[PDB]
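Residue numbers (this note's numbering): -17 to 13.
For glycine and all other residues, C-beta sits at the position ideal for the given N, C-alpha and C.
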């Protein structure tokens, strides 16, 4: 695991997915 402050889990949420999706692509575990 790693420190990432933005690291929320909510699939419906615009947490990063809509703006640029910078870290979901390397994370993959929650979505």
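Specify the secondary structure class of residue i as computed by DSSP and reduced to three states.
i          : result
residue -3 : coil
In chain order, what residues of the same chain lie with their CB nearer than 8 Å to the CB of residue i, ignoring the 5 residues before and after it?
i          : result
residue -2 : -12, 4, 5 and 6
Identify, in the order they occur along the chain, each residue of the same chain with its Cβ nearer than 7 Å to the Cβ of residue i, setting aside the five sequence neighbours on each side.
i          : result
residue 13 : -7 and 6
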